[PDB]
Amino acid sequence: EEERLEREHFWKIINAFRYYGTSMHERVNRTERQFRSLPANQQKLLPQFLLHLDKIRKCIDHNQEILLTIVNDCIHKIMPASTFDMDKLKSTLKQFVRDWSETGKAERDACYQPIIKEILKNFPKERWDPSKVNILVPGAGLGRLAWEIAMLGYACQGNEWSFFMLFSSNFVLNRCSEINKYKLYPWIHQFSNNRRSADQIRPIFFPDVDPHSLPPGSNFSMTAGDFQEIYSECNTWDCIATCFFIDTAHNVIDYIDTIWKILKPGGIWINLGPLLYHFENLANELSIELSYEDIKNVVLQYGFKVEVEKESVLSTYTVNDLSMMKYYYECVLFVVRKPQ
């Protein structure tokens, strides 16, 4: 039963990838119908408006071809997908920017470089054979952070639950070599807050780096499924690196429990992120929202020793740099050690 319900969920996501163009063409048709409803004197003020909609339509069609390339390369009547899933699909396109485009570099350096520096600090070659250091990256997203860690020689495993992320990371990590071969239009659905009409249809390219350039003897892998269910072996991991991850929990205390169980004595958990609880005030969903002060008190009561704590680490997440409206986070970075 559970295995087939997963197959039902599997096809539900395949269908969403295939419904992208339909969903976006309908949104552009709404904008076009409203423009044509305007008095002719106002339409005449904007002689490029309908042409610009045609450029958006071309970008939609291109994005849809990328999405089909992803869906085809992970297999070997399109029914209307839901609004929840089309939003997750739009976020997935933006994820290619953060994880695999030059455009996403400044974001990666704010989020990933502090984690990588702490791994290098705690697992130096003077003390460890890196190939024997087992590092787990739960909620690895499109896999760039786990990839960076494996590029250093550590045995790194990323884990991911979302098929949106697994289909896409499978494509980038296994069907991509040629730097910047591919092109996406990730901002075409934002019609607000554009300085210039061109900003909305601008492309991004990926991958900025060759994913098949892992060193000889690298140990990189990716698992599919609920982090809290896949990882049952206690005292297994040297290091767990969570990035924008622990606020995805129905109950973050369970995440902390799992991380404690599966770390080796002496192992470390590195965390960087905010506390945007993903199930907060969502209909009929468990969500325990803790302040950072409460999370620290749970961590201390568990027995972790605090080795690093920085608050107010500024970063963005899939930010559109040209947008007239932007979000940023004052993340917390901490490194805690399971006592040996």
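All residue numbers refer to positions in the sequence shown, first residue = 1.
According to the record, the deposited sequence contains 10 or more residues between residue 76 and residue 77 that were left without coordinates.
The PDB entry records a higher mean C-alpha B factor for 129-137 than for its counterpart among 129-137 and 249-257. Checked against the record, the higher mean CA B factor of 174-182 and 187-195 lies with 174-182. Per the PDB record, 230 has a higher Cα B-factor than any other of 145, 230, 119, 262. For the set 101, 91, 157, 235, the PDB entry assigns the largest Cα B-factor to 235.
Annotation for residue 337: C-alpha temperature factor in the lowest third relative to the rest of the modelled chain, per the entry. In the deposited entry, the Cα temperature factor of residue 309 sits in the middle third of values across the chain's modelled residues. Annotation for residue 13: CA B-factor lies in the highest third of the chain's modelled residues. Residue 152: CA B factor in the highest third of modelled residues in this chain (values from the PDB entry). Among the modelled residues of the chain, residue 244 sits in the lowest third by CA temperature factor in this PDB entry.
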